[PDB]
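Engineer: Residue numbers (the deposited numbering), protein chains in the order written: chain A, 5 to 251, 261 to 314, 325 to 838; chain A', 5 to 251, 261 to 314, 325 to 838. A prime marks a further copy of an entry chain. The beta carbon of each residue, even a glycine, is placed where N, CA and C say it ideally should be.
2 protein chains.
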Amino acid sequence: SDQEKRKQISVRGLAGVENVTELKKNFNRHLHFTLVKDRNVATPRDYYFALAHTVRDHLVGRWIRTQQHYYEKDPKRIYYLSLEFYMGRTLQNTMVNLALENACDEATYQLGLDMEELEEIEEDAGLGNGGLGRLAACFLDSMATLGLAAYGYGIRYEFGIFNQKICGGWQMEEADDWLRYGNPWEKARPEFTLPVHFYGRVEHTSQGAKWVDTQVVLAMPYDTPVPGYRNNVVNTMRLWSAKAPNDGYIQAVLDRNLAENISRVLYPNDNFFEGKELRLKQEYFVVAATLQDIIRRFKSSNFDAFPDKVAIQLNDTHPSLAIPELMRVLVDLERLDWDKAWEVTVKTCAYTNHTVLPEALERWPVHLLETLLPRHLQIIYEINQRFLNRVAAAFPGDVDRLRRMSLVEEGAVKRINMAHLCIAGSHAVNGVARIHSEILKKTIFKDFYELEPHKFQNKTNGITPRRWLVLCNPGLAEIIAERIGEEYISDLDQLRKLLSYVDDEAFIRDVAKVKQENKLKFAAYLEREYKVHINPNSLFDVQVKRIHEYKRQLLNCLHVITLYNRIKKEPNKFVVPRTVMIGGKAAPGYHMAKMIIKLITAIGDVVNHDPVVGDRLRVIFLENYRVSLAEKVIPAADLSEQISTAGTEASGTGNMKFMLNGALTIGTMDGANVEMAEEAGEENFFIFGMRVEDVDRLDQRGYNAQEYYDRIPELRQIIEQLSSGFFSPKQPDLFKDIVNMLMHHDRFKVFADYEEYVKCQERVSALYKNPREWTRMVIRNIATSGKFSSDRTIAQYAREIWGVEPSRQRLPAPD
Amino acid sequence: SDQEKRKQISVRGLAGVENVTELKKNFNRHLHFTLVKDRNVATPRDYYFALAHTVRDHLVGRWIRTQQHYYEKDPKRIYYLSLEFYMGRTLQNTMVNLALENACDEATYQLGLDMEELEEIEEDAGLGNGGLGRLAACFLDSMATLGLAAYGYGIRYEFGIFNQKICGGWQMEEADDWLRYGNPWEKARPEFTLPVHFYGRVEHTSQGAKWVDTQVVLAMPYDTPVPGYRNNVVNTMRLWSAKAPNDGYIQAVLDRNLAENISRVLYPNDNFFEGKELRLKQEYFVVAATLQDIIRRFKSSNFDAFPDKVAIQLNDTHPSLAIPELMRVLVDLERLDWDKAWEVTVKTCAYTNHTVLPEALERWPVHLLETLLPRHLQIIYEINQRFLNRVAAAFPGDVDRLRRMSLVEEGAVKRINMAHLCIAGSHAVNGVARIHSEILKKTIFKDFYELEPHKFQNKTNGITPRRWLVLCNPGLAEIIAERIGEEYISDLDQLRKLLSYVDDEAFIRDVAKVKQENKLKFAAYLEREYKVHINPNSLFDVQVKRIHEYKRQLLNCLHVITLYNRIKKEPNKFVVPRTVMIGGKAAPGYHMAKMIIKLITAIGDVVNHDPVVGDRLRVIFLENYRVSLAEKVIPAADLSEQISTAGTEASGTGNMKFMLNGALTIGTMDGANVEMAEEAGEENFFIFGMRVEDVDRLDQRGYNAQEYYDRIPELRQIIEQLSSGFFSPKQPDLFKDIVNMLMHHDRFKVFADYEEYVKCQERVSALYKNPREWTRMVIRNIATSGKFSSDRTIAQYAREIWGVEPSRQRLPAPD
Ligand SMILES: O=C(N[C@@H](Cc1ccc(F)cc1)C(=O)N1CCC(O)CC1)c1cc2cc(Cl)ccc2[nH]1
Ligand SMILES: O=C(N[C@@H](Cc1ccc(F)cc1)C(=O)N1CCC(O)CC1)c1cc2cc(Cl)ccc2[nH]1
Ligand SMILES: *Cc1c(COP(=O)(O)O)cnc(C)c1O
Ligand SMILES: *Cc1c(COP(=O)(O)O)cnc(C)c1O
Ligand SMILES: OC[C@H]1O[C@H](O)[C@H](O)[C@@H](O)[C@@H]1O
Ligand SMILES: OC[C@H]1O[C@H](O)[C@H](O)[C@@H](O)[C@@H]1O
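1) Apart from the five residues just before and just after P281 (chain A'), which ones in its own chain have a Cβ nearer than 7 Å to its Cβ?
2) Under 7 Å between beta-carbons, which chain A' residues line up against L87 (chain A)? List them in chain order, please.
3) Does the separation of the CB atoms of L35 (chain A') and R43 (chain A') fall below 9 Å?
4) For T112 (chain A') and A19 (chain A'), what's the separation of their Cα atoms in angstroms?
5) Between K520 (chain A) and the rest of its own chain, which residues show a CB-CB distance below 7 Å, the 5 nearest in sequence each way excluded?
6) Anything in chain A' within Cβ reach of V40 (chain A), meaning under 8 Å, just list it in chain order.
7) Please determine, among A:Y648, A:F771, A:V827, A:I531, the residue with the shortest C-alpha to C-alpha distance to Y573 (chain A).
8) Show which residues of chain A have a CB atom less than 9 Å away from the CB atom of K77 (chain A').
9) Could you check if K9 (chain A') belongs to the surroundings of ligand 3, using beta carbon to heavy atom distance under 8 Å?
10) How would you list, in chain order, the residues of chain A whose beta-carbon sits under 7 Å from the beta-carbon of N274 (chain A')?
11) If the cut is a Cβ gap below 7 Å, which residues of chain A does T624 (chain A') touch?
12) Going along the stretch 239 to 251 of chain A in order, which residues come within less than 7 Å of chain A', judged by CB to CB distance?
13) For the putative contact between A140 (chain A) and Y84 (chain A), defined by C-beta atoms under 8 Å, what is the C-beta separation to the nearest angstrom?
14) If you measure between the beta carbons of residue 2 (chain A') and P225 (chain A'), is that distance less than 9 Å?
15) Do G116 (chain A') and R386 (chain A) have their C-beta atoms closer together than 9 Å?
16) Cβ of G186 (chain A) versus every heavy atom of ligand 2: is any distance shorter than 8 Å?
17) Could I get the ranges of all uninterrupted beta strand (DSSP E) runs contained in the stretch 457 to 493 of chain A', with 3 residues as the minimum, in chain order?
18) Suppose you measure from the CA of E672 (chain A) to the CA of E540 (chain A); what does that come to, to the nearest Å?
19) Taking Cβ positions only, does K464 (chain A') come closer than 9 Å to chain A?
20) Return yes when at least one heavy atom of ligand 4 lies under 8 Å from the C-beta of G132 (chain A), else no.
21) Take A625 (chain A') as the anchor and find which of A':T303, A':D756, A':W825 has the nearest alpha-carbon.
22) Within 8 Å: the Cβ of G92 (chain A) and any heavy atom of ligand 5?
23) Counting C-beta neighbours from all protein chains within 10 Å, is the total for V656 (chain A) 16 or more, i.e. buried, or is it exposed?
24) Under 8 Å: do the stretch 485 to 499 of chain A and the stretch 92 to 102 of chain A share three or more Cβ pairs, one atom per stretch?
25) Do you know whose CA, among A:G434, A:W361, A:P381, lies nearest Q408 (chain A)'s CA?
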């Protein structure tokens with residue numbers, strides 16, 4: 005067989021040029037050949053798929069080319085391990101990064117179809133809970149845009165974050181069957197399935213330890229392409245799916270599902286640790302399969328050069344088993360000596376911390392680890408012993424420090440502190456905001472910082488400007504481009520140039536206009552899909568994020584109730600109208616969080632139907648908050664609420680989204696809020712409340728909520744209203760749990776920041792009364808948000824942690 | 005929006021002409037765009053998929069057109085309900101019916117690929133157990149070829165018939181993960197999902213009965229196209245998949270699998286009834302979803328015309344719940360009166376019986392029916408009461424007949440006789456071979472025949488000549504075409520013309536040559552994938568079918584052991600060399616059937632390694648017998664074994680496959696064997712053993728195997744060898760169960776036909792010694808097999824049962 009004949013098999017002239025004529029042809033081809041529909045039975049969903057497939061074709065030509073390029077060039081490869089990847093919709097984002105948006109628009113118009121209507125049909129890819137998952141998605145976009153040889157590795161959950169329904173004011177969870185109609189963006193690779201072992205036992209042979217009598221679960225990869233911004237670079241996100249091996262009969266076949274349950278559903282916990290066996294299996298699963306893939310890719314073009332060609336970033340402690348698993352492979356399978364293996368491991372792994380809340384920290388009981396992963400538990404003990412020996416050498420006689428630094432936590436239930444394991448086996452450990460990274464060195468990891476100061480870094484979070492500006496706010500992106508060009512899209516610092524238009528009356532008018540249109544649009548979307556009338560001329564007060572006590576949605580609730588009581592007291596007095604919007608999902612077993620949602624809706628029940636309040640105050644709970652809803656509500660927001668208790672929000676990222684889209688911020692000196700105020704100037708920020716140091720003082724002396732209740736009349740009245748059943752007539756004591764918590768067991772001191780919060784809210788209302796000055800402060804914000812682009816964050820990881828150089832060099836097009 | 009613009013959305017000029025240039029282009033497009041592979045990483049499996057997708061495109065253009073045609077013309081529609089559809093591979097069959105085989109061959113050659121190698125990569129679609137399932141597949145092909153508006157409705161099992169492995173001579177079952185790499189021939193239709201109810205209870209309202217508090221399981225359809233032979237007609241096979249509805262949290266999501274288990278696996282029972290709940294659910298599932306689809310299609314272009332536009336064929340009693348379900352819908356939902364509903368039902372349904380073995384008959388316990396389908400059990404009782412009233416009117420005072428005809432079978436465990444239910448609610452009941460249909464009227468359904476003689480018919484089975492001749496035996500099809508043309512392919516009766524070449528020396532040489540090549544090929548396939556050396560010059564004695572006592576593979580075993588003992592007795596005597604091949608799967612819990620397989624391999628262990636036997640005798644057990652293996656071994660067979668006990672094989676179809684491909688038959692006067700001998704002339708058939716009437720005599724007086732053991736020395740010796748451990752040295756009494764069964768509990772009288780069988784086998788050996796006369800008898804067989812084409816069978820169903828006229832009119836091509 006002449007092998008020169010197989011040279012015809014090329015992607016050289018396939019998709020055709022990116023003009024309207026070829027696009028319509030392919031749209032048609034896909035509608036008929038791919039979907040087996042005709043113009044008579046086709047529905048809008050079918051038309052949406054035909055378009056997705058048409059765009060996908062252009063995406064694939066570049067995908068194949070990018071991977072060929074990396075094979076030829078062999079760059080250092082970056083592996084981002086995360087159990088979450090909150091991707092959202094992919095159609096629009098693909099059209100924009102490939103510059104096909106226009107042609108697709110024209111091509112769909114000539115066919116008698118409306119592209120915007122089609123885009124709304126796409127299901128959100130919700131394989132994440134919130135901030136942690138979305139950050140991974142932003143980073144993927146940025147790494148592609150910066151031309152890095154990066155791969156995202158995670159789990160392909162069959163069911164992502166649940167869909168939230170509100171019944172009688174309460175949250176109801178519904179499985180998110182996001183694959184029901186299929187996913188055109190993923191490419192299954194059954195041919196690359198790998199084995200993952202569980203349970204079993206350890207045997208010691210003359211030449212080493214052997215992990216035997218193990219149960220096997222296969223890991224099947226699904227690849228999703230991730231396009232960079234107009235540089236023709238398409239990277240890969242590989243998600244693993246669990247499959248049972250082929251080795261009563263009927264029962265035996267039905268029991269296969271048991272093994273496939275590993276990748277069935279995403280744990281809906283945000284910043285909270287649940288030590289369930291299934292979760293541990295998910296963690297080892299993603300890790301074991303990923304590392305095998307990494308080693309084989311490494312051997313296909325000894326291990327001394329491993330750290331030079333491989334960088335493994337651990338997103339939180341979820342994939343922390345990668346450290347002992349890498350040791351297991353190198354020592355048990357590759358037979359390297361312990362010390363060389365360890366050196367390679369530390370040089371390859373880096374760890375990112377995302378929270379300081381103690382209940383969010385993973386501490387796995389050893390009895391669970393010894394039955395499920397016996398060999399890893401042995402390796403962990405060894406790692407521990409050698410690490411503790413170093414400690415003892417650096418701090419002789421300090422037996423207390425040894426106890427505190429141990430990877431093994433004593434107590435009735437022995438547990439492994441995964442955070443300690445990550446610090447010990449990583450060459451770098453980073454926080455996600457300046458204040459958070461400092462807190463890590465000053466508090467929780469102080470002992471580790473003293474032993475190895477060089478390991479601790481900071482990498483302030485960011486968001487991608489493509490999805491969080493160009494995509495969700497085309498109007499804003501339009502008027503900004505009409506003055507400074509399109510170069511900011513991949514270089515956000517250029518937004519700085521906008522400071523020269525702070526005084527231009529044309530610009531001021533435009534910014535205010537884009538926002539009004541965004542608000543008009545959002546108000547329409549609300550009446551259409553959730554029938555209710557909000558006044559588009561009111562101030563849009565928005566707080567959207569996962570429901571959590573530390574995020575203090577309750578502090579927000581206290582404010583709106585204060586506003587209501589005020590109006591009722593002096594009904595004929597003028598107040599700046601407000602539409603307070605709060606949305607977010609609560610973890611299913613988080614009782615307090617679910618009670619907070621009920622409180623929010625109970626408040627709206629009273630406020631929204633009080634005739635004397637009128638159109639002056641509306642409280643709305645946005646149900647099913649997700650990436651696609653964030654893209655709608657954020658560009659329409661005037662005020663962004665970032666009011667977590669100082670020292671609790673590691674960074675936050677939603678705050679940055681609001682800053683980039685023309686909303687002013689009211690928040691505490693927490694996480695990235697500190698750096699945002701720093702960039703825009705504290706005078707262009709609505710800061711309030713305790714600083715981290717004040718919180719420490721209060722803690723030292725003791726928090727007594729009663730003091731505030733006794734000293735603040737307005738607060739007393741609110742609490743009295745809550746306990747009396749004012750907001751729950753048929754059930755007088757429905758909120759007894761919330762009240763009791765605020766009064767006697769509030770770890771986040773809501774009452775302590777109440778007074779400052781309200782006063783601050785008053786200044787917000789004062790400034791909104793003056794349109795031109797409000798819009799001018801907004802411009803001072805948008806103009807200095809450049810530092811919060813994920814491209815900046817990634818550039819820093821690359822250079823300071825991974826040892827690779829970014830690049831905006833575009834690759835050639837398929838043809 | 006101008007709706008005239010949407011006229012551009014057409015299949016009018018898509019696939020391009022069927023020439024080599026366009027095919028290569030599409031092959032390439034699919035390899036890259038569809039599979040995301042390039043010529044560097046692509047494997048033969050990838051190349052196979054690129055080709056399948058290329059061929060699929062041509063198949064889809066016609067599919068859309070055919071369905072448009074039926075919409076416009078609105079023919080009477082035929083619905084074939086079956087729980088099995090043994091389809092086998094689809095690539096080659098599609099290329100042949102579309103006449104693309106050649107272009108595909110040339111196009112793949114110019115790309116440096118070999119098409120035959122690619123075809124072998126396709127997985128068999130094994131959604132059937134054997135004869136019953138394969139008949140449904142043959143019928144689908146025939147109905148399409150005869151231009152009937154027919155739809156096959158079944159279940160999309162995730163795992164079909166298990167893969168058979170032989171370990172130490174024993175059968176081992178391995179799940180058949182046939183969807184692992186995907187199925188390019190199916191088109192999922194999530195948009196057409198329908199609800200199916202289970203359990204619940206019946207409430208009586210003033211206006212009727214209501215089935216309430218039911219558990220719901222969704223039914224998602226997957227469509228597979230079925231192309232007719234070169235007539236551009238593409239029909240549909242719709243298979244249902246079970247999906248849970250979207251309404261601890263983690264556990265709740267994991268428990269969804271419970272509902273999806275309904276379509277997880279095919280029960281591997283052939284001609285045997287297992288009353289398990291899961292199986293009953295599968296039966297109602299396919300029925301409830303199918304009938305809903307049928308009603309909606311009916312209303313989209325009152326019920327008095329239902330029987331004029333709808334025909335529902337029940338393949339065995341598996342889908343028998345269609346009768347009470349149709350009544351439930353018409354009476355409970357559509358609110359028709361009982362009598363009108365009943366008339367419509369009987370006029371719409373027809374039932375086909377496939378076996379008389381009592382243990383194969385479905386008799387569901389009422390306690391299972393009342394808890395799972397309470398409303399259907401009520402309807403069944405009502406049907407029963409009104410049917411029994413008719414009986415009482417026609418045969419006054421005959422209380423015994425009333426007991427025998429009842430749909431409800433008394434006893435400790437009350438049961439519903441589904442066969443009786445089908446006869447009562449169908450306008451037609453048919454057997455599958457002349458002798459079988461007569462047995463139905465004479466024995467098991469005698470009471471029903473006496474009440475309604477007009478209901479009973481016969482429809483002798485057939486096989487499709489496309490797959491069973493053109494596809495598997497191109498050489499034979501070639502030489503046949505070179506003398507009489509290609510018109511026989513869709514008109515098998517024309518094979519008759521071949522009787523004029525019985526004396527032509529050229530033809531005789533050719534037929535013998537095609538067979539030798541087929542044998543040479545099969546011998547090569549055996550050494551390559553199952554390393555073992557058979558002599559291609561020996562007589563190929565083949566018996567392939569499911570292992571069953573009534574099929575008497577044991578009678579075959581007795582013969583080969585006799586042959587072995589004979590050789591050993593007179594080693595230097597000449598015998599016609601033979602390669603005895605036996606293959607087939609045994610149901611997992613069928614102990615005796617699994618013991619028979621072990622016996623067969625034990626026999627080969629001794630015979631195949633006896634140096635004095637040499638190349639004169641080889642016993643081979645063909646593992647994992649399936650549709651694709653049948654296509655290989657059948658064309659290479661010389662002698663076809665169809666030796667079931669007279670009166671037990673309803674028809675058989677494998678017998679017809681062997682007849683069409685040049686093998687002579689040695690069998691009993693059973694099932695279709697009777698009609699085959701009738702067509703070829705009994706002198707061209709090797710018939711032997713008891714006739715049905717002889718079996719009855721023996722039964723009347725009593726079967727005593729000892730008599731034969733006492734009177735036949737050769738038989739004694741065999742039994743003595745078996746009990747002594749001659750064939751099982753390390754385990755002397757391993758076959759004690761088989762021996763005991765043959766001696767004291769043989770329901771199929773193996774010993775009674777032993778003597779006649781051996782004598783007959785001797786005549787087979789005598790004729791093979793004379794090549795020219797052997798080949799001339801073969802020609803007399805091939806030439807009269809025309810009557811056994813499924814096109815003939817379907818034509819008869821259409822005209823005599825469905826009321827529709829066949830047609831070979833070709834539809835226009837897509838363009
Ligand atoms: O899914 C894709 N192609 C099909 C091509 C296809 C379709 C049916 C089939 F049977 C085999 C292959 C496929 O490989 N899978 C379909 C689902 C199946 O279970 C596994 C394979 C796909 C191509 C592609 C290109 C890009 Cl750029 C992005 C996502 C993509 N997905
Ligand atoms: O499978 C086909 N097309 C894809 C086209 C496609 C691919 C990916 C996707 F997300 C949506 C649609 C599809 O509709 N399914 C893929 C698997 C998914 O789970 C359900 C839909 C298909 C077209 C076709 C035409 C013919 Cl003639 C025969 C079989 C066929 N199958
Ligand atoms: C950005 C984002 C988050 C993170 O928001 P924070 O306010 O930082 O907690 C959570 N959910 C969604 C859907 C997001 O888009
Ligand atoms: C034709 C066929 C059958 C039916 O064979 P019989 O000898 O009639 O029992 C069974 N299995 C397969 C794979 C077939 O092709
Ligand atoms: O690091 C991304 C996100 O991780 C977690 O969600 C933290 O709670 C949040 O502060 C941070 O912004
Ligand atoms: O009807 C098709 C087939 O059904 C069953 O398998 C019967 O056992 C067989 O005799 C018949 O040929």
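Structural biologist: Result, derived from the coordinates:
1) Spatial neighbours of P281 (chain A') in its own chain (CB-CB distance under 7 Å, excluding positions within 5 residues in sequence) are listed in chain order as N133, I165, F166, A610, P611.
2) Result: empty, since nearest Cβ-Cβ is about 15 Å, beyond 7 Å.
3) Yes; because the gap between Cβ atoms is below 9 Å, this pair is in contact.
4) 17 Å
5) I507
6) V64, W67, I68, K191, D227
7) Closest in C-alpha terms to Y573 (chain A), from the list A:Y648, A:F771, A:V827, A:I531, comes A:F771.
8) For the C-beta of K77 (chain A'), not a single chain A residue is nearer than 9 Å; the gap to the nearest is close to 15 Å.
9) no
10) The answer, in chain order, is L267.
11) By Cβ distance, chain A contributes nothing, its closest Cβ being about 21 Å from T624 (chain A'), past 7 Å.
12) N250, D251
13) 7 Å
14) This structure cannot settle anything about residue 2 (chain A'), because the visible part of chain A' is limited to 5 through 838.
15) No, these two residues do not count as a Cβ contact at 9 Å.
16) Yes - ligand 2 has a heavy atom lying nearer than 8 Å to the Cβ of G186 (chain A).
17) 479 to 481
18) 32 Å
19) no
20) no
21) A':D756
22) no
23) buried
24) yes
25) A:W361
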